[PDB]
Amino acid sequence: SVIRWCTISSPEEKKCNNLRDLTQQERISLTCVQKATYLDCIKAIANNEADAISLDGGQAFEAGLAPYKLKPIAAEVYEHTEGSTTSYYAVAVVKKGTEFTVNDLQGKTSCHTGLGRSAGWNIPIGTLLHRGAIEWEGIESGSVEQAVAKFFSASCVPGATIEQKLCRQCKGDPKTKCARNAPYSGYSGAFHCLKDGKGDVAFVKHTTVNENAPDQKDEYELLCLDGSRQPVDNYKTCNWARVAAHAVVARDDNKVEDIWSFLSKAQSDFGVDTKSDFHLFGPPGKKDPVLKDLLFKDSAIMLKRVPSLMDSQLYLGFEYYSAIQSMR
């Protein structure tokens, strides 16, 4: 019996084969299918051409719509003060000194993890809109990118389609610079994007600074929704939202057990406590954003199985869910 994972980048593939390689000796075994975009994975998965992929809540949302109707099989666990939780916080990071508040955000540059991802988009944009900041009336008259491209001087937003302003700060080969897996894509990419000065703001996770710049953590602060700017380590108070962990998405069939089995074991032999050269998660550390969050976030510490009961909606929450919807 084999599970076929869908990978979305070469390096992600490798890590994948890696684990398949040192796993081929079990009841359930791996195999890596590499697609172009997560969409194609979602699709293959539904077509029986694959069986799993771990997605950001923004994509989990997507993966749940019809025709797919994929379910969140397992969700990532993250360090909490209280040991652990299945959620993370969305924060907007900023360099220390550059005075400026949430309100003074117009005509700025900004870096985002990618189009429609929780932290780098859904939360921030919808927030900005829910605040009278961004002018958006609706789908049937104006796109969202457009309202976005109208608010910021320019941006980096991997996945962007409708506006070159949004692809303005993306560093890399122009062919692929705004690719969904571009060098400036992902939590860490959006950080570099900030690091490198290509944007005045980064929309990332509460772990973001530590994982790329624990050394120069002092060099950054957080933009709070109230007006303040707090210290990188104050995400709790200075946050824009608390979102659901990324989840592993799979067809609603009988296989969901083979997958959980596979994951349960693998995580057993290669967790944060593994003693192997091979790590399922991370580990976290200043590395090249390109090699980050492969398969799973570098910041995941465990996997917690999801109750069969939950679909995408129940998983995300009626609130977040409506919020995402209302944006498309």
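The first residue of the shown sequence is 1; numbering continues from there.
- Stretches 138-146 and 81-89 differ in mean CA B factor, with 138-146 having the higher one.
- On average the C-alpha atoms of 33-41 have higher B-factors than those of the other stretch, with 65-73 and 33-41 being the two compared.
- As recorded in the entry, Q216 carries the highest CA temperature factor of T208, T113, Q169, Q216.
- Comparing C-alpha B-factors across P289, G58, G282, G271 in the deposited entry, the largest value falls on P289.
- For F296, the recorded CA B-factor ranks within the lowest third of the chain. Only modelled residues enter the ranking.
- Sorting the modelled residues of the chain by their CA temperature factor places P183 in the middle third.
- Sorting the modelled residues of the chain by their CA temperature factor places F152 in the highest third.
- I28: CA B factor lies in the highest third for its chain, per the PDB record.
- Sort the chain's modelled residues by C-alpha temperature factor and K304 lands in the lowest third, per the entry.
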